[PDB]
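What follows is a single structure, written as structure tokens, with notes after it.
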Amino acid sequence: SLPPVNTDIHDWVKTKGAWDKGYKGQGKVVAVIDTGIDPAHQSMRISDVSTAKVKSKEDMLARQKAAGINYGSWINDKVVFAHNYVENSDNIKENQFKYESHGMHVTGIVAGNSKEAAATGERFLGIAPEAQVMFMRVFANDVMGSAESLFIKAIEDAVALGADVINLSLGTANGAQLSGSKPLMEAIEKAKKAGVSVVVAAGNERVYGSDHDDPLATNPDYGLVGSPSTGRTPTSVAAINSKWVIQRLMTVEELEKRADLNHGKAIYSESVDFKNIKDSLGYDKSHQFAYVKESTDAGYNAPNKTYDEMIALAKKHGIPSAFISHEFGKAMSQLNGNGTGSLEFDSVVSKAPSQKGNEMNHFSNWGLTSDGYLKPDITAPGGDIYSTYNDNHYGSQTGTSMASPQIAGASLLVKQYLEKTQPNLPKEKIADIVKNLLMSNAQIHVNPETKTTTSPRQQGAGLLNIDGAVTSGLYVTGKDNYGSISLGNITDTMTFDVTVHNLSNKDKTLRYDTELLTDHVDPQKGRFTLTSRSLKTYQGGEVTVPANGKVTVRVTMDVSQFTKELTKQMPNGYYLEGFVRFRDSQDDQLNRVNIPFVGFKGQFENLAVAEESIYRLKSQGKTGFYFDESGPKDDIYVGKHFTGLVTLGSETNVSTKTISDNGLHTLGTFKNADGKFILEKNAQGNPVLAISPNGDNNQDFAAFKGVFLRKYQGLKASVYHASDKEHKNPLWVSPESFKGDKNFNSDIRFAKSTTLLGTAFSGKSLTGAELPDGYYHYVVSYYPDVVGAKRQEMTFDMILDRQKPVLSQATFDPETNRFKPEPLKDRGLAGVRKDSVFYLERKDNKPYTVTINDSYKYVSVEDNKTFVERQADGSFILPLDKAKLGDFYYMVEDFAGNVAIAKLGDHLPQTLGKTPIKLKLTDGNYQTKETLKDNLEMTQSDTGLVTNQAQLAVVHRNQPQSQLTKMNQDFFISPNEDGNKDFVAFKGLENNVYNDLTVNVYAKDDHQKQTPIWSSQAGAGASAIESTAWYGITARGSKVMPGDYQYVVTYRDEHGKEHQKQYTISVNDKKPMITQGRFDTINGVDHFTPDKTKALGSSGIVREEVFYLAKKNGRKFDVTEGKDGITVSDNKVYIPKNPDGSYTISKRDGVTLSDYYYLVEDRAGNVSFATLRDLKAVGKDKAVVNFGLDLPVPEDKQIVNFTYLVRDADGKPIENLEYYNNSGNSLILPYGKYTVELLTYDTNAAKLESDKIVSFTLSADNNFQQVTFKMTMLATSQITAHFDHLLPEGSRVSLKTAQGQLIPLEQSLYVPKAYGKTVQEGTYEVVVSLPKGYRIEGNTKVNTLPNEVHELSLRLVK
Ligand SMILES: *S(=O)(=O)c1ccc(CCN)cc1
Ligand SMILES: [Ca+2]
Ligand SMILES: [Ca+2]
Ligand SMILES: [Ca+2]
Ligand SMILES: [Ca+2]
């Protein structure tokens, strides 16, 4: 009666062992959170709805109204809840118009109780056939914000409705066990407090560098298990490939009686492109194929009658389409002994052995948590699974996502068991148990290629054995009462208590032993091989566990022997891990139960957080892990991946003013002849790290770039004077602190390095004063993410050199044209690095060339230097034939990037050719630190305030011209570096004097002007405006908050009594919002009428423009040549305003509506513009609504990610969105009543404080609505109490908040004197409860700062 079940999968998990026992799925409920279903499919069946946990609609909808749930409903007797959480209850489809549905394939594993054949002829079934499947659809996008709250209420829904276990497909690599996402952990811990198991896959990134190279032996912390599975409560799942693949597969009758290779049937693969099965699949062929090769002994890794000689894929034996196939050595590549090869190609499907069976699935996650805890927890198949696809179709897989549902089913079944067998067991202790049985009853997997046991860090506590878990009544724990043991740090001896637990009323007796493993290293490459070495099995004996009882035995081991060999191979520590194995002394193969352990010989706390500086590695002739030594010697292109400093380049020109800049480059590097950036060296053979904070945009600042090996936090940049050897008086600290992840590079979407421009240093002290030239330390410090760790530093030697090298004189011999300059002398500590002579080769009548990039709409201007060879004695044979002498320039170059350039115009009248001459050289200040066109004349009727002024380009991307302007009204700056109203400065009258001129910007709150938040540096005269220019920043150099500040000018030089100015400057940087206006047609031409602009406030409009751009040279922009240099500009043609209030948009000579622009500028200088074609896609009947977040922070350090749902006046989601002015946050809707709901945002960075539902009506009169969700920012800090001596037992450490509440603190595993927590920014008192007279002493208070780490040095007293 057609029952044929595939058990390729149930066989070696022992599924039937718990089925026949009456534990099928029935009665329990598994909540699958994933991307969709097709819940009518054959498989979502349950027989005997009368034994289920939920009867029908009446039952379900009634539980919904007792919990407080208004959405979603039952469908089947199997699919009992649904809710498409992407936009608050849609259908769960994921259809086409492959046909794969990842989300149901998942469920297919857990409960696919089908009754019909797949393409083999088998009836596939899930681990729990008869459990009921509430489904929450939830799946994250990048445009979104933080998907978390979606999940968090899917979890909360499952729990209140009453599920028993949730299969959560959600992964964030390198998770931590204790400091995960706080609202998500507690949401889970609430499921665990009910009868809920939370089963989460563990990831597919596998280990640090998995897409580059195996990890170096010096960096043992290569694990990537992800959050939330890294949670203590949930059960993380790794994956082992299945032994049996179901696949479309190629056949050959010529080897049909071989049975070595499935009787001819061999497995093929098709690469990144060009799956040519639409090219002759199902019909026999000849040798006329693309048989790749063997490729190895056992890899399986990826005439002539199609003679296309395909190396478009080969590319190294000793994507362009010919024919795609990958076959392994035996499979045919040896079976090549007639060459005739009749080759059918799968008109059907087949069942075959997996080329990687029983192997551990390359991608499965691994390693410790980020805070050093042992996860995953259990392995299950995943691998090449077969399961429930779109509609009546069947699986495929390879993915940890497929393993975790296995455990779901298992957790279901085991729970049944426990309910039956231990019904005095409360829902408080249910789920940890169903786990602890699942883990302790499992077969330690054993790596087939090595015949060693696979590391616990890769398999948890072994492969899933469900029978063993329901037929034993035995589980195992360590001290933490957890199914594994995370020992933390490890000395010469490892000692620890294991404890075996017995549920049955039949006491048992068991012999045990301990296998101890470590990490195999390839000794020729010094990299881990990701395979273990058995070191020694230690046996310990046997003991007896009472019936309904426990017993506590003590493993102990001495590992002194291995320490010299291991510690040699693995200098920075190494893992010592393994299994305690437990069998019945009588009848060996009964009561097989095991517990995995791991510990670290060294200090896992203090492993290096960042890969060493590229400069230091090259000084040791070592190299970076992701570095690419391809190119000239010492070629550190800033694009490459490493740890160093970056800075910004700007060439020096002698015919015009530079217009542009080279962009970023690695500090200490300089461009050689061929344009390769090279790490040039000083006379002692070192490179030099020197910046030149002069305002010329050549190496003005220095910023840290790192390749991090572990998750970091607390990272900041400080600058000390190098005399300050202990680093105890910082001269400057980066104003932000920084946290972030390993650069693990699982694939191209994961960065191999991260540049932190927030660490940029500019030779300014903490007070804005300039730090004098000298020798300094730029210390980048940080912390790994394990409580107690020591704070790692990384010091860079850095020179401030702001002085050009010397140009005194040179000796010229006219007989040979010999130019000997002198010995090279630099001013300052940078040192000279290059000597040069060039002349200006005129081309097209100009000494420079003007390149116009028409794709970036960018213009760059370049001196036409040509060089004069340097001879080894340091002199220059000038080609007098190719340009005059004295139109040769001599150029000497700093290391920090100052540049001296003399023209030979420091000359004597004719003299041409007599005899050797001594020749004076003077620097022409060709490198100048560009300043702003003044052209202003001040008069007593003026405020004396001046600011700067500039337009905003619409097409070209050069920096638009700007000039100083007066400011006698409208005291508002937008500090946005656009050249328009970016600062307040003070200019004085020409015939007046201003002695001891000092500007101080005081805060709002400072009634007495006691403590400036910004001050002018010493030497600030009313003529140097820059010295009084306030770019709306603090002394330390971060942006002030939008608002009002007092700007106070004080000069003494009224030749006696002095005065004080005091203007109220207001800071605001908000792009004004352009609404759509009307478009009417008068006479035969288009007439555009903008809506009326209001002028109240800082964002009130004071310029209104309609214009269009004429095509001049096929360009809409244009270069204009002056002595002032070249300037770049749009081809703006303005349109006068009619009295109508309209502007007249004439359709001129091939000028289009997309080249007319509306543009506005508010009282603070912010500027916005739209195109008239955009502003017209609004119908005349239609309105526009724009949603946005109101953050009280500068409009560059603000979220821009969130999502919303607009509902029509009936509550239906609006459909068929049309966006306005190219903003995904602006919709065009017909007139009516609407309601918007803030769905997701980065709940990490911000907290919503206004209503999350807003109503609005769009109407003829209100045809533009802004709705704004108001928010508040979130700052976290880390706090760590570090004690003198370990605390006496029964002590309790806590952080006491200023409201008065207590945050409890746990002792840190890897540092046992340290108790710490990540906390919300504020003020805390460390509070300790000591059981005796004990009295902890010394400075328990702290006021944290954002992203900082705070240590407290407390002492236990007697
Ligand atoms: S599953 O949804 O966790 C999964 C498995 C494998 C991949 C690609 C890695 N080769 C993605 C997702
Ligand atoms: Ca400079
Ligand atoms: Ca110092
Ligand atoms: Ca210098
Ligand atoms: Ca501005």
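Just remember, in the structure tokens the first chain shown is A, the second B, etc., residues are 1-based per chain, and ligands are 1-based in the order shown.
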What residues of the protein or nucleic acid chains come within 8 Å of ligand 2 when you use only C-alpha atoms and all ligand atoms? Reply as a list in words. residues 691, 692, 693, 694, 695, 696, 697, 698, 699, 700, 802, 896, 897, 898 and 929 of chain A
Ligand 1 neighbours within 12 Å using only C-alpha atoms and all ligand atoms, as an NGL selection string: :A and (33-35 or 100-106 or 139 or 167-173 or 200-206 or 210-211 or 226 or 237-239 or 302 or 361-365 or 382-385 or 396-405 or 746-747)
With N, CA and C atoms retained, could you export that selection as a short mmCIF file (atom, residue, chain, number, x, y, z; two decimals), in the first residue's frame?
```
data_model
loop_
_atom_site.label_atom_id
_atom_site.label_comp_id
_atom_site.auth_asym_id
_atom_site.auth_seq_id
_atom_site.Cartn_x
_atom_site.Cartn_y
_atom_site.Cartn_z
N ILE A 33 10.43 29.59 12.22
CA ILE A 33 10.58 30.99 11.80
C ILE A 33 11.52 31.02 10.60
N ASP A 34 11.00 31.33 9.44
CA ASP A 34 11.83 31.26 8.25
C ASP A 34 11.11 32.00 7.13
N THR A 35 11.56 31.78 5.90
CA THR A 35 11.06 32.49 4.73
C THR A 35 10.00 31.64 4.04
N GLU A 100 12.51 26.97 -5.72
CA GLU A 100 12.84 26.55 -4.36
C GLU A 100 12.23 27.47 -3.29
N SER A 101 11.75 26.88 -2.20
CA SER A 101 11.33 27.65 -1.02
C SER A 101 12.14 27.18 0.18
N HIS A 102 13.23 27.92 0.45
CA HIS A 102 14.10 27.65 1.59
C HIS A 102 13.32 27.46 2.89
N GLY A 103 12.24 28.21 3.08
CA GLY A 103 11.60 28.20 4.37
C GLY A 103 10.80 26.96 4.68
N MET A 104 10.44 26.18 3.67
CA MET A 104 9.55 25.07 3.94
C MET A 104 10.37 23.81 3.94
N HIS A 105 11.37 23.82 3.05
CA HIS A 105 12.43 22.83 3.11
C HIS A 105 12.85 22.64 4.56
N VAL A 106 13.07 23.74 5.28
CA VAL A 106 13.36 23.67 6.72
C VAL A 106 12.28 22.87 7.44
N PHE A 139 12.12 37.51 7.52
CA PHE A 139 13.39 37.39 6.81
C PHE A 139 13.94 38.77 6.48
N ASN A 167 12.32 26.62 15.81
CA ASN A 167 13.47 26.46 14.93
C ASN A 167 13.76 27.80 14.26
N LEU A 168 14.75 28.49 14.81
CA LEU A 168 15.03 29.88 14.50
C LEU A 168 16.22 29.93 13.54
N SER A 169 15.97 30.37 12.30
CA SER A 169 17.03 30.48 11.29
C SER A 169 17.46 31.95 11.32
N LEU A 170 18.53 32.23 12.06
CA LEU A 170 18.95 33.62 12.29
C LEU A 170 20.40 33.60 12.75
N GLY A 171 21.30 34.19 11.95
CA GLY A 171 22.71 34.10 12.27
C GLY A 171 23.53 35.36 12.08
N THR A 172 24.25 35.75 13.13
CA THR A 172 25.17 36.89 13.10
C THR A 172 26.53 36.38 13.58
N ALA A 173 27.51 36.30 12.69
CA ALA A 173 28.73 35.54 12.96
C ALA A 173 29.45 36.06 14.20
N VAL A 200 18.60 26.71 16.85
CA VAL A 200 19.17 27.71 15.94
C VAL A 200 20.35 27.09 15.22
N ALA A 201 20.41 27.26 13.88
CA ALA A 201 21.61 26.82 13.16
C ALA A 201 22.81 27.66 13.59
N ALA A 202 23.99 27.28 13.13
CA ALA A 202 25.16 27.90 13.74
C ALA A 202 26.00 28.70 12.77
N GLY A 203 25.85 28.49 11.46
CA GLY A 203 26.42 29.37 10.47
C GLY A 203 27.15 28.58 9.40
N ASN A 204 27.50 29.30 8.33
CA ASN A 204 28.17 28.66 7.20
C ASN A 204 29.40 29.44 6.77
N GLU A 205 30.14 29.98 7.74
CA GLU A 205 31.32 30.79 7.48
C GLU A 205 32.61 30.10 7.91
N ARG A 206 32.47 29.15 8.82
CA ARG A 206 33.32 28.03 9.15
C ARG A 206 34.56 28.31 9.97
N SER A 210 38.01 31.76 5.87
CA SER A 210 37.67 30.49 5.25
C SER A 210 37.67 30.58 3.72
N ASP A 211 37.46 31.78 3.17
CA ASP A 211 37.51 31.99 1.72
C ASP A 211 38.87 32.50 1.26
N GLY A 226 27.59 31.67 15.55
CA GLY A 226 26.89 32.94 15.63
C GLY A 226 25.74 33.01 16.59
N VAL A 237 23.41 24.26 16.35
CA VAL A 237 23.47 23.04 15.53
C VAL A 237 24.50 23.19 14.42
N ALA A 238 25.53 22.33 14.44
CA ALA A 238 26.49 22.22 13.34
C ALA A 238 25.98 21.16 12.37
N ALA A 239 26.67 20.97 11.24
CA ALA A 239 26.13 20.07 10.22
C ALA A 239 27.17 19.15 9.58
N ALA A 302 34.54 21.71 -6.54
CA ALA A 302 34.25 22.69 -7.57
C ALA A 302 33.56 23.91 -6.95
N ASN A 361 31.01 18.72 6.45
CA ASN A 361 30.45 19.90 5.76
C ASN A 361 31.28 21.18 5.81
N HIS A 362 32.25 21.33 4.91
CA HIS A 362 33.24 22.39 4.93
C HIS A 362 32.77 23.68 5.60
N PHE A 363 31.54 24.13 5.31
CA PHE A 363 31.12 25.47 5.73
C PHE A 363 30.66 25.57 7.19
N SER A 364 30.22 24.50 7.80
CA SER A 364 29.70 24.53 9.19
C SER A 364 30.52 25.49 10.04
N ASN A 365 29.90 26.24 10.95
CA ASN A 365 30.63 27.20 11.82
C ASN A 365 31.62 26.43 12.72
N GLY A 382 21.93 18.13 8.09
CA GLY A 382 22.19 19.17 7.09
C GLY A 382 22.94 18.50 5.94
N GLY A 383 24.02 19.10 5.45
CA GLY A 383 24.61 18.37 4.32
C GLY A 383 23.65 18.30 3.14
N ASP A 384 23.80 17.28 2.28
CA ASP A 384 22.91 17.19 1.11
C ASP A 384 21.60 16.57 1.56
N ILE A 385 20.71 17.38 2.13
CA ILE A 385 19.39 16.91 2.53
C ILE A 385 18.41 17.01 1.36
N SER A 396 16.91 19.55 -1.84
CA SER A 396 18.36 19.68 -2.04
C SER A 396 18.89 20.44 -0.82
N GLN A 397 20.15 20.59 -0.64
CA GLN A 397 20.41 21.41 0.56
C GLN A 397 21.84 21.92 0.62
N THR A 398 22.62 21.30 1.50
CA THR A 398 23.99 21.67 1.90
C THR A 398 23.83 22.95 2.72
N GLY A 399 23.72 22.82 4.00
CA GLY A 399 23.58 24.04 4.79
C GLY A 399 23.29 23.73 6.22
N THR A 400 23.90 24.45 7.10
CA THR A 400 23.62 24.32 8.53
C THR A 400 22.15 24.61 8.81
N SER A 401 21.51 25.47 7.99
CA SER A 401 20.08 25.72 8.06
C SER A 401 19.26 24.43 8.03
N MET A 402 19.79 23.37 7.42
CA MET A 402 19.07 22.11 7.29
C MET A 402 19.32 21.19 8.44
N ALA A 403 20.46 21.36 9.10
CA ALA A 403 20.71 20.55 10.28
C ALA A 403 19.80 20.95 11.43
N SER A 404 19.76 22.24 11.77
CA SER A 404 19.03 22.68 12.95
C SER A 404 17.60 22.19 13.00
N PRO A 405 16.85 22.12 11.90
CA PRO A 405 15.52 21.53 11.99
C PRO A 405 15.53 20.07 12.45
N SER A 746 34.34 35.54 5.04
CA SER A 746 33.73 34.28 4.64
C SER A 746 33.50 34.22 3.14
N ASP A 747 33.25 35.37 2.52
CA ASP A 747 33.12 35.52 1.07
C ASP A 747 33.30 37.01 0.76
#
```
If we count only C-alpha atoms and set the cut-off at 6 Å, which residues sit around residue 196 in chain A, ignoring sequence neighbours fewer than 5 positions away in its own chain? Please answer as a PyMOL selection string. chain A and resi 164-165+191
Could you report the residues within 6 Å of ligand 5, using only C-alpha atoms and all ligand atoms, as a ChimeraX atom specification? /A:974-976,978-982,1165-1166
At a cut-off of 8 Å around ligand 3, and using only C-alpha atoms and all ligand atoms, what residues come up? Please write them as JSON, numbers by chain. {"A": [719, 720, 721, 722, 723, 724, 725, 727, 728, 729, 730, 731, 776, 777]}
Please produce an output containing C-alpha atoms for each residue in the selection, written as a PDB file, in the first residue's frame.
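Generated output (part-v7.pdb):
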```pdb
ATOM      1  CA  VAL A 719      48.556  60.876  20.776  1.00  0.00           C
ATOM      2  CA  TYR A 720      51.281  61.248  23.397  1.00  0.00           C
ATOM      3  CA  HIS A 721      54.618  62.967  23.276  1.00  0.00           C
ATOM      4  CA  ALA A 722      57.189  60.232  22.890  1.00  0.00           C
ATOM      5  CA  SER A 723      59.054  61.523  25.947  1.00  0.00           C
ATOM      6  CA  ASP A 724      55.842  60.347  27.685  1.00  0.00           C
ATOM      7  CA  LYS A 725      57.193  56.800  27.754  1.00  0.00           C
ATOM      8  CA  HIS A 727      51.728  57.045  27.938  1.00  0.00           C
ATOM      9  CA  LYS A 728      50.240  58.881  30.889  1.00  0.00           C
ATOM     10  CA  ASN A 729      49.334  62.419  29.686  1.00  0.00           C
ATOM     11  CA  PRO A 730      47.436  62.170  26.398  1.00  0.00           C
ATOM     12  CA  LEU A 731      47.644  65.167  24.211  1.00  0.00           C
ATOM     13  CA  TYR A 776      55.039  61.728  19.022  1.00  0.00           C
ATOM     14  CA  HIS A 777      53.326  58.378  19.642  1.00  0.00           C
TER      15      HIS A 777
END
```
Show me a table, sorted first by chain and then by increasing residue number, of the residues of chain A having an atom at most 9 Å from ligand 4, each with its shortest atom pair and the distance in Å to one decimal, counting only C-alpha atoms and all ligand atoms and written as a tab-separated table.
```
residue	atom	partner	partner_atom_place_in_ligand_line	distance
A:692	CA	ligand 4	1 (Ca)	8.2
A:800	CA	ligand 4	1 (Ca)	8.7
A:801	CA	ligand 4	1 (Ca)	5.0
A:802	CA	ligand 4	1 (Ca)	6.0
A:803	CA	ligand 4	1 (Ca)	4.4
A:804	CA	ligand 4	1 (Ca)	4.6
A:805	CA	ligand 4	1 (Ca)	5.1
A:806	CA	ligand 4	1 (Ca)	8.6
A:825	CA	ligand 4	1 (Ca)	8.9
A:826	CA	ligand 4	1 (Ca)	5.1
A:827	CA	ligand 4	1 (Ca)	4.5
A:828	CA	ligand 4	1 (Ca)	4.5
A:829	CA	ligand 4	1 (Ca)	6.4
A:830	CA	ligand 4	1 (Ca)	5.3
A:831	CA	ligand 4	1 (Ca)	6.1
A:832	CA	ligand 4	1 (Ca)	7.2
A:893	CA	ligand 4	1 (Ca)	8.0
A:894	CA	ligand 4	1 (Ca)	4.9
A:895	CA	ligand 4	1 (Ca)	7.0
A:896	CA	ligand 4	1 (Ca)	6.6
A:897	CA	ligand 4	1 (Ca)	7.6
A:898	CA	ligand 4	1 (Ca)	5.9
A:899	CA	ligand 4	1 (Ca)	8.1
```
For residue 595 in chain A, find every residue with an atom within 6 Å (counting only C-alpha atoms), except residues of its own chain fewer than 3 positions away, and show them as number ranges by chain. A: 440, 484, 579-580
